[PDB]
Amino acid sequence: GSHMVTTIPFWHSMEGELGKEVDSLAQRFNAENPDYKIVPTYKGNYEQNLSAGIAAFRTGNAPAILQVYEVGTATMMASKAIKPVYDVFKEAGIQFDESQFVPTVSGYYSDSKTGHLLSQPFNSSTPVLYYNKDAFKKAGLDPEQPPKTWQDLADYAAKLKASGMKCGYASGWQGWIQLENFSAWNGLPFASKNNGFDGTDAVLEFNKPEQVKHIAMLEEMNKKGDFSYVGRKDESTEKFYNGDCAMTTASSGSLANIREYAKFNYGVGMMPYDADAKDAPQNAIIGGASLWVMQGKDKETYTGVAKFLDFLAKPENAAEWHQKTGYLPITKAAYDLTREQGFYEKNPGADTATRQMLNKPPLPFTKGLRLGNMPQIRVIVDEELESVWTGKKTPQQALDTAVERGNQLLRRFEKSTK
């Protein structure tokens, strides 16, 4: 009737040092709240975790909490498999102040009609440029001056390669960085209806001259050996920390593993922008994930979930997550606490991710994205970009095809949710 501990499965995609920090947070919560036991389980990369969560729901054994990457948001929002987080709190009779979250992040994860959070913010990032300062030195570059523009990056990459580095430049999450964020950061839409927020009748718009020229630049670098393709996700993070790759654009959340494993002096810079683009940079759009609560659980489970989510949002815990991982602080209090503890004084580049998100007030179409079936559109994008790196298709053809294929998935979602 109440003597049994309530076990609460939490399925996530936090690998390496990120996962160790998730475990530390769960363990502390469990110690302070012994009526509950949060049980984190690593289920693979974000695609694998989302697929596993959806499949488990079909058979009634979904976890209580599921970490879903940012692009899965519209899909989850239309899902009948979730209990919106604001409702989890409401029905459990626990107060939660949504205004605590930084507006960019709360907006991203909020319902259009009610303004309420449908999932809980936790790990948000923007892409940053990691660079090997030691490698810069022996290539004759100023180790305190990362390339500000793509043009500069290509130049540096050539010099780093000439100096003996195995790889000059590589990128994590190419869709997120080279197209989604490339668009926002250079003042362009990724999709219509303001990057999807204004309706399911959105179409993809990333096949414009600016994006095509950008992909062409990367392909020219690839041919020269100055750019290396190493995969669709976080593969470039290890290529950087093991010394292979001199520069990588990767999640700000890669910092946990990079700090632990890089045995050289490294720096963090902002994403390069297009030198020719007037009024660039604009602002970055977030990556990372949010925490979804699955439908069909008992009241004890939802009480425990609400308590755990509240725990994660406490200033000290939100601040600790940001400081340890490189994900940006997602509450106002966590940002202020980090600043007031002198963390940014000690670690100058540690607020880069926030600064990119807030570089300028957003244009109507640089607030984030919200597109149904985006997890599959990401795969389409990866396939088409891979056809560029192999020389099978031109940058124009690949982006045109990704738009055509991707739009088919957007119309499929539109029809499904009408």
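Counting begins at 1, following the sequence as shown.
J.: On average, are the C-alpha B-factors higher in 143 to 151 or in 200 to 208?
T.: That would be 143 to 151.
J.: Please work out which of 114 to 122 and 269 to 277 has the higher mean CA B-factor as recorded in the PDB entry.
T.: That would be 269 to 277.
J.: Maximum C-alpha temperature factor per the entry, among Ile177, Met76, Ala184, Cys167, belongs to which one?
T.: Of the options given, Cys167 has the highest CA B-factor in the PDB entry.
J.: Kindly indicate the residue among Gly288, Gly72, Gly243, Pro329 with the greatest C-alpha B-factor in the PDB record.
T.: It is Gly243.
J.: Taking the entry's C-alpha B-factors for this chain, is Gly406 in the lowest, middle or highest third?
T.: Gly406: CA B-factor falls in the middle third of its chain.
J.: Should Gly304 be placed in the lowest, middle or highest third of its chain by the C-alpha B factor in the entry?
T.: For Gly304, whose C-alpha B-factor we compare with every modelled residue in the chain, the answer is the lowest third.
J.: Would you mind checking where the Cα B-factor of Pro362 ranks among the modelled residues of its chain, as the lowest, middle or highest third?
T.: Highest third.
J.: Within this chain, which third does the Cα B-factor at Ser387 fall in: lowest, middle or highest?
T.: Middle third of the chain for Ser387's C-alpha B-factor.
J.: Split the chain's modelled residues into thirds by Cα B-factor; is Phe96 in the lowest, middle or highest one?
T.: For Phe96, the deposited C-alpha B-factor lands in the highest third.
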